[PDB]
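Asks: Turn this into a structure:
(2 chains, ligands or ions: 2)
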Amino acid sequence: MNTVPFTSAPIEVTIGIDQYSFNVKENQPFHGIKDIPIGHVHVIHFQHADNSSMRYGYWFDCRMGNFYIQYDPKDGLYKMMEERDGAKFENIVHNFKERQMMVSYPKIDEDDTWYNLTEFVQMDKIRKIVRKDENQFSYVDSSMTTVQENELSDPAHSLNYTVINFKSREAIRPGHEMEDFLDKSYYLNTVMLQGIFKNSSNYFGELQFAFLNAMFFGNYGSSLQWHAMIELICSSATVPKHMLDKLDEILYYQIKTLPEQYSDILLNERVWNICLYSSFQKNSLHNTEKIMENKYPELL
Amino acid sequence: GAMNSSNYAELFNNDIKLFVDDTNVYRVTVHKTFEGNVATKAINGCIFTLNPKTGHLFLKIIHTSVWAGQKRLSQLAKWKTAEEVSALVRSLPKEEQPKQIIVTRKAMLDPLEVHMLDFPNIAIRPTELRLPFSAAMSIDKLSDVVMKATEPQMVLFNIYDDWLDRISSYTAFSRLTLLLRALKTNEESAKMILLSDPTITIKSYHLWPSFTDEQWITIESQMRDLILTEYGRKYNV
Ligand SMILES: COCCCNc1cc(Cl)ncn1
Ligand SMILES: COCCCNc1cc(Cl)ncn1
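Replies: Numbering: from 1, shown residues only, chains lettered A, B, ... in the order given. Ligands and ions are numbered 1, 2, ... in the order given. The structure is reproduced below:
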């Protein structure tokens, strides 16, 4: 179990760690988060009390280094940093826990929610999507645009997600225009799976990463990416059976975790009705359809 | 974006453009079978592709053989239309290719956009105008070439005959849409108006009769009356 210590908490802030969150008051005796499960990526995220604008945060994996949070009064944000001096990292942390000023990652032992939301996400792959190579952790915020949004403006600060565009020459084989547009199997299986992603594991990892950025930061381009990746599968007549079964589980846990009061802005009515009720896979997502109909029957 | 009454004169500027109407591509007669069920029999159809500035009509005849063994023919018809329009554009010299294609039905947008991905600079647009091009098969010479076709065929017509020698393309288009609106509202009456007088003939290389300027004014007035008439007969006004 790993620890993300804090220098101090000079400004009042709501702190998120994965699907959990808590409030820290200005200058409150707070030394960070302990007992973080090893083996999963994690996200630590922030919303300042005085400006709920800009949710922001950091994806990290404690196996990839010793990380601490330090408030920068010039840039006005809580920054993740790496302590290379392991000895010194170990030296600074022990005092805080004898002194008890850390919040404990509060995992219920029955609870596989975070595993189920991050099963295919890889921290080294996240660095490929969020380009800032000098750090082992990746910063994301509410305002960051995707490469596809920048084609329709700073490149260094963008979310490099796999570009998906159903009316593109990549998606449509010459001479199969109707076929490829009405059944996207070629685009899913040959172009995307075999060609770009390499396997479905990678496809699920980006799809899961896109959802979590939409949910935790209200990142609109990430929401667009999540829905496009769902729709590409649902609009394919030929999908490996194990991919459909896994997608059903992935979406079930995403819909289950979604805050009830954010469903209006995080769920695209057209895509979900099409996917559940008109698409090739309309009968293939039993768990997702059941939770959707019982939790958000308005959207449908 | 969409074409409507506010940007109507754009049709007659010097940017090449084509209307595409797919109404008459997939045509059927519905009939009873010996067992008393209903079946369809396809008949030949046509794509109506029109340059509104020059009157050039690219009439692609759709022979019933293109439907043989195919499913969901109403959906296929939109994609076949888009395929044939794309083929037409590719067949034209670059300087003759359209800068915009205006489809008369919104269901043609995605099929045509997909077939024209190779042409990112050609704008594919809908329209809010209710154009009466479905009535093209009420023009006898167009109907004849469609129904006589034994194979796929493209035939080029000028739908304005020689009118542009005497009137502008705005006025020619207005005349054409009035004629076609009348033929759509009451085909028999419209055709009686157009042919009642046997001393005015249709030249072999024309579609419509050789009306003088003064005769066109009379004809045009009679078509307006017909349309207003039928509108009363229809709504009892
Ligand atoms: C400016 O901080 C001096 C020590 C930097 N390394 C750290 C900081 C913290 Cl909170 N925990 C562990 N290592
Ligand atoms: C442009 O993205 C192509 C690679 C995406 N594969 C991933 C992404 C994530 Cl977060 N986790 C695992 N695999």
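
Asks: Which parts of chain B are helices?
Replies: For chain B, applying DSSP state H gives helices covering B:73-91, B:109-115, B:140-148, B:169-185, B:187-195, B:213-235.

Asks: Could you figure out how far the fourth one is turned away from helix B:213-235?
Replies: If you take axes from the mean of the first three to the mean of the last three Cα atoms, to 10 degrees, helix B:169-185 sits at 40 degrees to helix B:213-235.

Asks: And helix B:169-185, what's buried?
Replies: B:169, B:172-173, B:175-185 (16 or more other Cβ atoms under 10 Å in any protein chain shown). In short, each C-beta sits where N, CA and C put it, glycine included.

Asks: Which members of those are the farthest-apart pair?
Replies: Set against one another by Cβ to Cβ, the buried residues of helix B:169-185 have their most distant pair in B:169 and B:185, with a gap of 24.1 Å.

Asks: Where does chain B get nearest to chain A, which residue?
Replies: Closest residue of chain B to chain A, Cβ to the nearest Cβ: residue B:79 (3.9 Å).

Asks: With respect to burial, which of the helices of chain B scores highest?
Replies: For these, ranked by mean neighbour count under the definition mean count of other Cβ atoms under 10 Å in any protein chain shown, the leader is helix B:109-115 at a mean of 21.

Asks: Report the distance from that helix to the chain centre.
Replies: From the chain centre to the centre of helix B:109-115 is a distance of 19 Å (Cα atoms, centre = their mean, to the nearest Å).

Asks: if we can go back for a sec, now do the contacts for the residue of chain B closest to chain A.
Replies: Applying Cβ atoms under 8 Å, 6 or more residues apart in numbering or on different chains, one finds that residue B:79 lies in contact with A:177-178, B:111, B:115.

Asks: need the helices of chain B in TSV with distance to residue A:46, can you?
Replies: Rendered in TSV, the data for these read as follows (distance: least, Cβ to Cβ, whole Å):
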stretch	distance to residue A:46
helix B:73-91	50
helix B:109-115	43
helix B:140-148	69
helix B:169-185	62
helix B:187-195	72
helix B:213-235	66
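
Asks: Compare these and give me the one nearest residue B:11.
Replies: It is, among the helices of chain B and with distance given as Cβ to Cβ, helix B:169-185, at 6.6 Å.

Asks: For ligand 2, which of the helices of chain B is the nearest?
Replies: When these are ranked by proximity to ligand 2, the top entry is helix B:109-115, at 24.6 Å, counting by Cβ to the nearest ligand atom.

Asks: and that closest one, does that touch chain A?
Replies: Yes: using Cβ under 8 Å from any Cβ of the partner chain, a contact is recorded between helix B:109-115 and chain A, made by B:110-111, B:113-115.

Asks: Out of these, which is nearest to residue A:72?
Replies: Proximity of those to residue A:72, judged by Cβ to Cβ, is greatest for residue B:113, which lies at 48.2 Å.

Asks: For that closest one, which non-adjacent residue is closest in space?
Replies: In this structure, residue B:113 finds its nearest non-sequential neighbour in residue B:124, 5.0 Å apart by Cβ to Cβ, 6 or more residues apart in numbering or on different chains.

Asks: Can you name the residues that contact the residue of chain B found nearest ligand 2?
Replies: When Cβ to the nearest ligand atom is the measure, chain B has its nearest residue to ligand 2 at residue B:117, with 22.6 Å between them. By Cβ under 8 Å, 6+ apart, residue B:117 lies in contact with A:167-169, A:172.

Asks: do that again at 7 Å, thanks
Replies: Counting by Cβ atoms under 7 Å, 6 or more residues apart in numbering or on different chains, residue B:117 makes contact with A:167, A:169, A:172.

Asks: cool, residue A:207 as well?
Replies: If a contact means Cβ under 7 Å, 6+ apart, then residue A:207 has A:226, A:229, A:250 as its contacts.

Asks: quick one: it from ligand 2, how far?
Replies: 9 Å (Cβ to the nearest ligand atom, to the nearest Å).

Asks: re the thing from before, mind putting the contacts of residue B:117 in TSV, distance to residue A:43 and secondary structure included?
Replies: Formatted as TSV, those follow (distance: Cβ to Cβ, whole Å; DSSP: H, G, I helix; E, B strand; the rest coil):
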residue	distance to residue A:43	secondary structure
A:167	33	coil
A:169	36	coil
A:172	36	coil
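
Asks: you'd agree residue A:300 is up against residue A:275?
Replies: No: the pair residue A:300 and residue A:275 fails to qualify as a contact (Cβ atoms under 7 Å) at a distance of 10.5 Å.

Asks: quick one, which of those two is more surrounded?
Replies: When residue A:300 and residue A:275 are compared on other Cβ atoms under 10 Å in any protein chain shown, the one with more neighbours turns out to be residue A:275, at 26 against 13.

Asks: Quick check: that one is in a strand.
Replies: No: using DSSP: H, G, I helix; E, B strand; the rest coil, the assignment for residue A:275 is helix, not a strand.

Asks: Kindly report the residues of chain B close to ligand 1.
Replies: Neighbours of ligand 1 within chain B, by Cβ under 6 Å from any ligand atom: none found.

Asks: just the residues of chain B that are near chain A, which are they?
Replies: Remark: the part of chain B in contact with chain A comprises B:79, B:113-115, B:117, using Cβ under 7 Å from any Cβ of the partner chain.

Asks: let's see 10 Å
Replies: With Cβ under 10 Å from any Cβ of the partner chain as the criterion, chain B meets chain A at residues B:72, B:75-76, B:78-80, B:82-83, B:86, B:110-118, B:120.

Asks: quick one on the thing from earlier: ranking by neighbours, what's the top pick from the contacts of residue B:117?
Replies: When neighbours are taken as other Cβ under 10 Å, the top entry among those is residue A:172 (22 neighbours).

Asks: so how many other residues sit close to the closest residue to residue B:134 other than its chain neighbours?
Replies: Counting by Cβ to Cβ, 6+ apart, the nearest residue to residue B:134 once its immediate chain neighbours are dropped is residue B:23, at 4.0 Å. Taking other Cβ under 10 Å as the criterion, the count of residues near residue B:23 is 20.

Asks: For residue B:23, which residues are in contact?
Replies: By Cβ atoms under 10 Å, 6 or more residues apart in numbering or on different chains, residue B:23 lies in contact with B:45-48, B:77, B:104-105, B:131-137.
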